[PDB]
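*Asks:*
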Amino acid sequence: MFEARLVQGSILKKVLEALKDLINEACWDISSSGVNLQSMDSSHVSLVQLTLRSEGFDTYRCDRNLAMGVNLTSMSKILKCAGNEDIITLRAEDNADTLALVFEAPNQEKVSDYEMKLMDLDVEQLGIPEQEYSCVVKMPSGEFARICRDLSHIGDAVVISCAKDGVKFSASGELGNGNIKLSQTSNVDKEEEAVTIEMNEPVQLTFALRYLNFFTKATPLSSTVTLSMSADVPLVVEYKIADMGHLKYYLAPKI
Amino acid sequence: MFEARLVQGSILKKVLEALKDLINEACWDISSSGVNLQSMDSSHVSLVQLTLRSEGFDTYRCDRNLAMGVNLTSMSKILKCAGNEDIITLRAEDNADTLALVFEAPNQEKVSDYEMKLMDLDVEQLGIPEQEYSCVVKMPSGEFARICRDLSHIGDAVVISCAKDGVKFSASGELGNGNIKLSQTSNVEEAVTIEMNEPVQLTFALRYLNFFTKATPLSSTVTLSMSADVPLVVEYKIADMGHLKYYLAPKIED
Amino acid sequence: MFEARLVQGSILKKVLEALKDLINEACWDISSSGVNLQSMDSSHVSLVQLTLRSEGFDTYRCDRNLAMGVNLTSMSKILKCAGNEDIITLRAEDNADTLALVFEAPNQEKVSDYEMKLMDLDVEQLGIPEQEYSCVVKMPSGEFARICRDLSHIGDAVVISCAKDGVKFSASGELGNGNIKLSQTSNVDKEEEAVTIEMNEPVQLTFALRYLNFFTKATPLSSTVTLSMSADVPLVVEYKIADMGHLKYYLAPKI
Amino acid sequence: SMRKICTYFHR
Amino acid sequence: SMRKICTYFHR
Amino acid sequence: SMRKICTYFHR
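Chains as they are written, first to last, in the entry's author numbering: chain E, 1 to 255; chain A, 1 to 188, 192 to 257; chain C, 1 to 255; chain B, 705 to 715; chain D, 705 to 715; chain F, 705 to 715.
#1: Within the same chain, show all residues whose beta-carbon is closer than 7 Å to that of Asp-94 of chain A, passing over the 5 residues directly before and after it, in chain order.
#2: Whole angstroms is fine: what's the gap from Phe-215 of chain E's alpha carbon to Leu-209 of chain E's?
#3: Rounded to a whole number of angstroms, what is the C-alpha to C-alpha distance between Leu-175 of chain E and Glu-104 of chain E?
#4: With distances taken between CB atoms, is the gap from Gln-8 of chain C to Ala-242 of chain C smaller than 9 Å?
#5: Please report the straight-line C-alpha distance between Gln-204 of chain C and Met-40 of chain A, rounded to a whole angstrom.
#6: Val-111 of chain C to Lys-181 of chain E, Cα distance in whole Å?
#7: Could you tell me which chain C residues have their CB closer than 8 Å to the CB of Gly-178 of chain E, listed as they occur along the chain?
#8: Quick one: is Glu-256 of chain A buried, meaning 16 or more other Cβ sit within 10 Å of its Cβ, or exposed?
#9: Could you run through the stretch 12-37 of chain E and flag, in chain order, every residue whose CB is less than 8 Å away from some CB of chain F?
#10: Over what stretch of residues does the beta strand (DSSP E) that includes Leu-175 of chain E continue unbroken?
#11: Quick one: which chain E residues come within Cβ less than 7 Å of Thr-185 of chain A?
#12: Is there a Cβ from chain C that is less than 9 Å from the Cβ of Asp-150 of chain E?
#13: Measure the beta-carbon distance from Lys-217 of chain C to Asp-21 of chain C and round it to whole angstroms, keeping in mind my assumption that it falls under 8 Å.
#14: Just verifying my parser: in three-state terms, what is the DSSP assignment at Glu-3 of chain A?
#15: Between C:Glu-25, C:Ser-228, C:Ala-26, which has its C-alpha nearest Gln-131 of chain C's C-alpha?
#16: Tell me, which residues are paired with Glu-238 of chain C by DSSP?
#17: Does DSSP put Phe-103 of chain A in a helix, a strand or coil?
#18: Measure the alpha-carbon distance for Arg-53 of chain C versus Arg-61 of chain C and round it to whole angstroms.
#19: Which stretch, first to last residue, makes up the beta strand (DSSP E) that contains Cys-27 of chain E?
#20: In three-state terms, what does DSSP make of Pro-140 of chain E?
#21: Using CA coordinates, which residue listed in E:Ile-147, E:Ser-141, E:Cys-162 is at the minimum distance from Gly-155 of chain E?
#22: Please determine, among E:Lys-14, E:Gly-142, E:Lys-254, the residue with the shortest C-alpha to C-alpha distance to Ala-82 of chain E.
#23: In three-state terms, what does DSSP make of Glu-115 of chain E?
#24: Which residue from E:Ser-230, E:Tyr-114, E:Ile-30, E:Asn-36 puts its Cα closest to that of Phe-169 of chain A?
#25: Could you confirm whether any beta carbon from chain E is found closer than 9 Å to the beta carbon of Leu-212 of chain A?
#26: Is the beta carbon of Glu-201 of chain C closer than 9 Å to that of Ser-134 of chain C?
#27: Between which two residues does the beta strand (DSSP E) carrying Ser-705 of chain B extend?
#28: Kindly indicate which three-state DSSP category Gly-155 of chain C falls into: helix, strand or coil?
#29: Among E:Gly-34, E:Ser-46, E:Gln-125, which has the Cα closest to the Cα of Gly-56 of chain E?
#30: By how many angstroms is the C-alpha of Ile-11 of chain C removed from the C-alpha of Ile-87 of chain C?
#31: Can you list the residues of chain A that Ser-74 of chain E reaches, using a CB-CB cut of under 8 Å?
#32: Taking C-beta pairs closer than 8 Å, name the residues in chain F that residue 319 of chain E reaches, listed in chain order.
#33: Assuming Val-45 of chain A contacts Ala-252 of chain A under a Cβ cut-off of 8 Å, what Cβ separation, rounded to an integer in Å, is found between them?
#34: Going by C-alpha distance, which of A:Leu-6, A:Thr-59, A:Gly-178 is nearest residue 258 of chain A?
#35: Which value, in whole angstroms, describes the spacing of the CA atoms of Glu-193 of chain A and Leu-235 of chain A?
#36: Mind checking if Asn-71 of chain E is an interface residue toward chain A, Cβ cutoff 9 Å exclusive?
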């Protein structure tokens, strides 16, 4: 049997908010180590990686690894029925082909109690090597979301220039072209509004805003987002999940 | 020769919001006793009952009982042109086949002044008997609306189980199944309460319930009234003026 | 070279919000006196007149009159990428067939920096005479917007009756007919809720709400709007722009 | 299945 | 009907 | 002229 009691219901809803719009079906790898999920989009251009450590949860008990196949639209539909304050307990047996979800209220006067059918999935796990990146940018998730959304109205593609000084997001349309330039910030009050740039070498890469705008769906998970880039190797967009882990999006460039 | 001056314009707007989605045309029965309307849906499965007492209004003056037929979509469109704080005065003559509506502002230096064409309608008025109900549930209208809306994404139909302790809303989809359970609560807009003569478990088409919940801007709470092989009553209280009751037939297969 | 630094970014966005819905392309006449633009709709029934005094801006420098032809849809798309608090600087060279727009942020974390392709345009400038109007009405822009929008659900066309006492907006539908009647403001009020009627002769004209509802797109520019009418001569709908100037809409009546 | 509330009232 | 503001201005 | 991340990872 497997069972995980998550206090912060919302945390889970906000995850399926990120995914369902980018990937329909996906395989959840459940471990004593926690919940790990990896899947490409319809079109094999972007890839999504989820890591939620078991430490994260209040209960967590998994005896044998599960490989749960899920229509994420099906599952989002279920989580939409969970209040943000709700305690979400998850439960499956091994040869169990249905996954039970239980939503407790802070009310303790309401108790929802769903149960979702699974599917069998073929899943080529891709080896992602952990990589030093020529440029890594930490900036407001809100600002990033906002930038990718605006430039989508100028062109199909964003060019990201990165130096010591700052990071520049550019697009070319039929109509014109735009340059949005952000600078590293000094005497950092905080981090929430602040931009910081670790830089080995300057970088300029080109990505399809189509995809980036499916990534930014995760901005309700984190004030900040960290962009990691090297020449002719994919972008990594990392949304931190509140100490439980992280949600990393990967995108191929252009040539 | 009739005229009724309603202080809380909104109350009226919010009503046609409830109805137009469920019933296109209906006949408004107006009396010295007030405004009473009853109509089934397209398909004769749900029935809607409106009762607004003449007490409810500031003016109310009705010489001939009128039987005004209206396209509620036509009439919604008109009420959409009324500010929420607007004073809505109604007016009809005897041989009148138009209803006049007058919207006075808090400005009192704007006054809108529409006039809506009627239609002739036969409507077999059904005798609704007063009934004791095995189970009556009082709960937040918002919570009810929210439950019917969520389960519509799981299945076609909701099963409502009712016992002393609580009330349980269930649906089965292709995708899965959900059980939402609510308990009688501590201290009474917020709270859930259950008069229970015998336990009851009935099955209803969420399709329809979700046309009913369009009335939730009329009342913080809603009361569900049930007995086996007799319709569900979903009752939205209207602010001391009266009530809006929705009735739905149950199911059962072979 | 030409360059105008507008502190109140919003002022600009709100203008293109008004225009783009009514006119696709239009010719901006730039002068030491400021920015002046005039153009009919697709269908030559409504006409728009724009006036921003150079006084209006913080910087303003124009050497030779420019005639900038602009796809306003193109340009709206660009201004949508400007924050409301943004400082919007505009810049064009003479031989330049592109217009540069530069958006500086509130406390300058960020600097967006677009550049828009122009077009050549034929522009038969229409002689609009200065004329006294039988009726001029000054009223809340919000109320006017709201009236034209409601009656559009009753009928195609609005009839505007006007006398000393008040002004009546009416329409006939299949469903019925509506009369919205406003009176000159007693307790002659705090004026952005208040209605005033200068009246030489009573007047009753008939206009396509279709168009009026493209005009009301300008209501975010001013609390009030002034309607100016004479029999068998176009309506003038005047939206004041915050000390910089004005935006006038002109519409032909019916038969 | 499901019935008509014609059946459950009438007149 | 409805005419053009072409007619009402010109120049 | 955009690639597939199968090319960029695998295994």
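We treat Cβ as the ideally placed atom computed from N, Cα and C, and that holds for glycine.
*Replies:* Looking at the coordinates:
#1: Taking the first residue of the second sequence as position 1, residue 94 of chain A is located at position 94. The answer, listed in chain order, is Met-1, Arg-64.
#2: The count along the first sequence starts at 1 and reaches residue 215 of chain E at position 215. The count along the first sequence starts at 1 and reaches residue 209 of chain E at position 209. When rounded, the separation of the alpha-carbon atoms in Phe-215 of chain E and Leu-209 of chain E is 10 Å.
#3: Sequence index remark: in the first sequence, residue 175 of chain E carries index 175 (1-based). Sequence index remark: in the first sequence, residue 104 of chain E carries index 104 (1-based). Separation of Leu-175 of chain E and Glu-104 of chain E (C-alpha to C-alpha, rounded to the nearest whole angstrom) is 52 Å.
#4: Translated into the one-based positions of the third sequence, residue 8 of chain C becomes position 8. Translated into the one-based positions of the third sequence, residue 242 of chain C becomes position 242. Their beta carbons are under 9 Å apart, which means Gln-8 of chain C touches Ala-242 of chain C by this criterion.
#5: If you number the third sequence from 1, residue 204 of chain C lands on position 204. If you number the second sequence from 1, residue 40 of chain A lands on position 40. Within the model, the alpha-carbon separation for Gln-204 of chain C versus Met-40 of chain A is close to 45 Å.
#6: Position 111 of the third sequence, counted from the start, is the residue given in the question as residue 111 of chain C. Position 181 of the first sequence, counted from the start, is the residue given in the question as residue 181 of chain E. So the alpha carbons of these two residues sit roughly 5 Å apart.
#7: As a working mapping, residue 178 of chain E is identified with position 178 in the first sequence. The answer, in chain order, is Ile-78, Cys-81, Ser-112, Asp-113, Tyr-114, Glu-115.
#8: Here residue 256 of chain A is taken as the residue at index 253 of the second sequence, counted from 1. With fewer than 16 other Cβ atoms within 10 Å, it is exposed.
#9: Per Cβ criterion, the list is empty.
#10: Numbered from 1 along the first sequence, position 175 holds the residue referred to as residue 175 of chain E. Element bounds for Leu-175 of chain E: n/a, residue is neither H nor E.
#11: Numbered from its first residue, the second sequence carries residue 185 of chain A at position 185. The contacting residues are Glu-109.
#12: Translated into the one-based positions of the first sequence, residue 150 of chain E becomes position 150. Cβ-Cβ to chain C under 9 Å: yes for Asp-150 of chain E.
#13: In the third sequence, counting from the first residue as 1, residue 217 of chain C sits at position 217. In the third sequence, counting from the first residue as 1, residue 21 of chain C sits at position 21. A Cβ-Cβ separation of about 5 Å places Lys-217 of chain C in contact with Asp-21 of chain C under the 8 Å criterion.
#14: Position 3 of the second sequence holds residue 3 of chain A. Of the three classes helix, strand and coil, the one that applies to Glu-3 of chain A here is strand, per DSSP.
#15: Looking up residue 131 of chain C in the third sequence gives position 131. The residue with the shortest Cα to Cα distance from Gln-131 of chain C is C:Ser-228.
#16: The residue you call residue 238 of chain C lines up with position 238 of the third sequence. Per DSSP, the beta bridge partners of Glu-238 of chain C are C:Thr-226, C:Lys-248.
#17: The residue given as residue 103 of chain A occupies position 103 in the second sequence. Three-state DSSP puts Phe-103 of chain A in a strand.
#18: Taking the first residue of the third sequence as 1, we reach residue 53 of chain C at position 53. Taking the first residue of the third sequence as 1, we reach residue 61 of chain C at position 61. Distance between the alpha carbons of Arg-53 of chain C and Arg-61 of chain C: 12 Å.
#19: Within the first sequence, residue 27 of chain E is the residue found at index 27, counting from 1. Start and end: 25-31.
#20: Taking the first sequence and counting its residues from 1, one reaches residue 140 of chain E at position 140. It is a strand residue.
#21: Here residue 155 of chain E refers to the residue found at position 155 when the first sequence is read from its first residue. When only C-alpha atoms are compared, the closest one is E:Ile-147.
#22: Within the first sequence, numbered from 1, the residue matching residue 82 of chain E stands at position 82. With distances taken between Cα atoms, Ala-82 of chain E lies closest to E:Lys-14.
#23: The residue given as residue 115 of chain E occupies position 115 in the first sequence. Strand.
#24: In the second sequence, the residue the question calls residue 169 of chain A occupies position 169. In terms of Cα proximity to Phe-169 of chain A, the closest of E:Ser-230, E:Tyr-114, E:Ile-30, E:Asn-36 is E:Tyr-114.
#25: Sequence index remark: in the second sequence, residue 212 of chain A carries index 209 (1-based). So, not an interface residue.
#26: Looking up residue 134 of chain C in the third sequence gives position 134. Looking up residue 201 of chain C in the third sequence gives position 201. Cβ atoms of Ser-134 of chain C and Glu-201 of chain C: closer than 9 Å.
#27: Translated into the one-based positions of the fourth sequence, residue 705 of chain B becomes position 1. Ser-705 of chain B -> no beta strand (DSSP E), and no H or E assigned at all.
#28: Counted from its first residue, the third sequence places residue 155 of chain C at position 155. Note: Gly-155 of chain C maps to coil in three-state DSSP.
#29: As a working note, residue 56 of chain E is residue 56 in the first sequence. Distance from the Cα of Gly-56 of chain E is smallest, within the candidate group E:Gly-34, E:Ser-46, E:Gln-125, for E:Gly-34.
#30: Counting from 1 along the third sequence, the entry for residue 87 of chain C is found at position 87. Counting from 1 along the third sequence, the entry for residue 11 of chain C is found at position 11. Going by the C-alpha atoms only, they are around 10 Å apart.
#31: Here residue 74 of chain E refers to the residue found at position 74 of the first sequence. Residues of chain A with a Cβ closer than 8 Å to the Cβ of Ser-74 of chain E are, in chain order, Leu-175, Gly-176.
#32: Residue coverage of chain E in this structure runs from 1 to 255, which leaves residue 319 of chain E outside it and unanswerable.
#33: Taking the first residue of the second sequence as 1, we reach residue 45 of chain A at position 45. Taking the first residue of the second sequence as 1, we reach residue 252 of chain A at position 249. The pair is a contact, with the Cβ atoms about 6 Å apart (cut-off 8 Å).
#34: Since the first residue of chain A shown is 1 and the last is 257, residue 258 of chain A is not available in this structure.
#35: As a first step, residue 193 of chain A is located in the second sequence; it is residue number 190 there, counting from the start. As a first step, residue 235 of chain A is located in the second sequence; it is residue number 232 there, counting from the start. Cα-Cα distance, rounded: 23 Å.
#36: If you number the first sequence from 1, residue 71 of chain E lands on position 71. By this cut-off, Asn-71 of chain E is an interface position.
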